[PDB]
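Starting off, we have a lone chain in the form deposited in one PDB entry, written out as structure tokens.
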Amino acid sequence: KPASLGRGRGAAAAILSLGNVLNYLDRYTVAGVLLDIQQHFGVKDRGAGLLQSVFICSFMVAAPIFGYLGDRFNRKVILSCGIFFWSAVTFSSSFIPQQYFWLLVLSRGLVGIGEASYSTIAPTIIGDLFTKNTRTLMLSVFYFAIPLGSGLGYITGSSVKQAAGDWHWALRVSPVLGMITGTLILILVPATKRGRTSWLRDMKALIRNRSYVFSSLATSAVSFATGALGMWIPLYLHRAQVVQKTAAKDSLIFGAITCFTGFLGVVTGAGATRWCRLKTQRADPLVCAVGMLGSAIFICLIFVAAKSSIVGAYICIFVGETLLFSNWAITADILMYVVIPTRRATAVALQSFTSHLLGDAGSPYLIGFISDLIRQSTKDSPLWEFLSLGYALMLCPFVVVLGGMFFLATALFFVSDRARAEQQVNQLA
């Protein structure tokens, strides 16, 4: 009913977009002050990697349950409860005594639990208020808040820490705006209507689809590399710059760089695939594979330039991020091309789960574990801390090359999978 939509849809879209910005502003505030967290709690590289692994595991487990409860109960109540759920906990976790490291890990788990609800439920509301023509534009406006919040995380954390003089203050700002958004959503968002079944046949059919499996494994590789680098880059840059005796501007510059690479990579990928589709019908997997194999080379050069000059490292980071973030708007098309319309709702929900299981659930912890394992076998000094983190961070190009190989294997079966899908659909109806 447009009669109330004339105000409700605009107000809801704006407030939910700001909610998404606040949602992503609180995942990367800890990555900005990881060095201070380590120096205060007195821990090592093994335990400083749990603070993102626990978050990701909790998000993994708690997303499908909220995705199910979102179509039995009132959605505004759940969104409001989650908002404060992830807010109040974030605020309360800044008073922890020095002897209680594990309590911070528990806090991060609870924050992840709340963010799962928000990020699973909000798109459904923002997509049930609009018709066939303007749903896509509003969804894009919702989605184009990931890079902005991601950069604002580093920038806010570093700036507040430097200005206040105590790292605790980095965790005491976003709850104030969360407590406002969680009240404004109760006012500006109109109520939206809600809504033996077997999903074993869906699984049994999806397992024998080679393109689907290979694309899922490639997405897992992308998640691995993205999580590891996004958590462990700024600390490595700081250590390297300390080694040269030429030095928190690193977080500022990294946030500024990612805020632009996020848009640039997606635009480049979309243009390239639109050009390529008119030459051959294997365009999407080949474009993705070329992107991965061209991003691995520029990723691998950070660890060589960082020993001699910093500006080269920044340029390599720019190019690597730009090429790596050029296959986030293509994989959904590969999924839609070879999966019949009745099995898509399952085939997405499964894939996301897998993308978190083989990907960024255990990657930062693995990097920290390998770093300490290498570190304990040699002398203790800043130079070996730098070289240890550098040598640990070399597993990412290997995984990226594996992802490229999987995209090629997808391009190998793309056409046969399409033909089978068409025969299935025309036999159903």
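Sequential numbering from 1, following the sequence displayed. Take the two forms, superpose them, and find the largest set of C-alpha atoms that agree within 1.5 Å; that set is the rigid core.
Same protein, other form: the form deposited in another entry, not shown, and the subject of what follows.
Participant: After aligning the rigid core, which of 357, 217, 272, 152 is the one whose Cα travels 2 Å or more between this form and the one not shown?
Facilitator: The listed residue whose C-alpha shifts by at least 2 Å is 152.
Participant: C-alpha of residue 49: shift of 2 angstroms or more between this form and the one not shown, rigid core aligned?
Facilitator: It does shift by 2 Å or more.
Participant: For residue 398, is the CA shift between this form and the one not shown at least 2 Å following rigid-core superposition?
Facilitator: Where the cores coincide, residue 398 shows only a C-alpha shift between this form and the one not shown that is less than 2 Å.
Participant: Could you check whether the CA atom of residue 168 moves 2 Å or more between this form and the one not shown, using the rigid core for the fit?
Facilitator: Indeed, residue 168 is displaced by 2 Å or more.
Participant: Once you compare with this form, do the C-alpha atoms of residue 269 and residue 119 lie closer or farther in the other form, given a change of 3 Å or more?
Facilitator: The answer is closer, because the C-alphas of residue 269 and residue 119 approach each other in the other form by 3 Å or more.
Participant: Considering a change of 3 Å or more, are the Cα atoms of residue 30 and residue 237 closer or farther in the other form than here?
Facilitator: More distant in the other form, by 3 Å or more.
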